[PDB]
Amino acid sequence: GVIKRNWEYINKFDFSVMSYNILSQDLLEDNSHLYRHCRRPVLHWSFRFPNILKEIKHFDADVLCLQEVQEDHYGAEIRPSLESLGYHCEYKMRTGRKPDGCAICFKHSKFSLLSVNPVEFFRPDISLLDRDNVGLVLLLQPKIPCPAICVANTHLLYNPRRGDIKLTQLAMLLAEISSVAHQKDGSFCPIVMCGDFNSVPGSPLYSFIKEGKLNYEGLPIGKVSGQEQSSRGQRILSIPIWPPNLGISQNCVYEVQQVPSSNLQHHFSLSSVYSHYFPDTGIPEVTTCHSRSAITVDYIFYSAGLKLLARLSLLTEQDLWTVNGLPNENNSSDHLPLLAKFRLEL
């Protein structure tokens, strides 16, 4: 019963991607009921950050996609530490009362920056989109003597009930990617989309990402994410989910608004790095474990044209409770870092 995270291995450019919700100290302390299982000393930022930095240093990924990156801590400690490791860092803070956000970092030696494309999901003119969540999309040029790579990162709305907002937020991210990744030959460049989607494998939202299609007629708003909730007394998704003045089509691309079928679509071909279930046993993988939750909500998606060489295996709920849950004295987030090795064949 050994508890280990192994590397599963499945004219080129090779690069590794890490997706990691590092847990904002402010979000930690605002929700202390989630960490009742934890010994008090392991929760302090002074304890947690060195461990998190050690992980990042150890894995030495070419691209970092981080969530719950607290602004004050980012400026003071996280960004300087990452810059020292040879990373160029781009940040997008949430737009509300919560001063955390997403960062996409990449090694100077591996890429040049073509464009930075932040996405704010908050729209003051649209009542539906009243949440502070954000995304970030970079276009990177691999440094070799080659096509660009589009890297996206997000942290979608947590609230389990509001699947209408989740899907609209996702649509806004997909729309940005569609714009940035478009090439002169009319196809999309290779895409890596990381983040905390607050949605479980096999959920409608997850299915939408994988299939590029969703029939959402008669679907309760709470069922979208597959997060734990009653589902009683929930309203059904509207057709359309979001209003025309968002300027995004049902194919999740920007469109020219004109002065004035319940199926969502996107034009990408996306695979998930992780299978979500252990092959031998069929036990589900988890990416987050605390007092109230043990689920997968973190993903690395990629265009399948990249080839996945390897991934760092996840753990079961039972495995994580053997080490008394997350965070603990050895692992300093309530999430596990996702890690993938990719190959771009030229």
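Heads up: residue numbers just count along the shown sequence, starting at 1.
Unmodelled deposited residues between residue 260 and residue 261: 10 or more, per the record. The segment from residue 283 to residue 284 is modelled without interruption, since every residue of the deposited sequence in that interval carries coordinates. Judged by mean Cα B factor in the deposited record, 206-214 ranks above the other of 163-171 and 206-214. The PDB entry records a higher mean C-alpha B factor for 236-244 than for its counterpart among 149-157 and 236-244.
For the set 295, 65, 308, 300, the PDB entry assigns the largest Cα B-factor to 308. Residue-level temperature factors show residue 334 in the lowest third of its chain, judged at the C-alpha atom. Sorting the modelled residues of the chain by their CA temperature factor places residue 288 in the middle third. Remark: residue 99 belongs to the highest third of its chain, ranked by C-alpha B-factor as recorded. Per the deposited record, the Cα B-factor of residue 10 falls in the highest third when ranked against the other modelled residues of its chain. The entry lists a Cα temperature factor for residue 143 that places it in the highest third of the chain's modelled residues.
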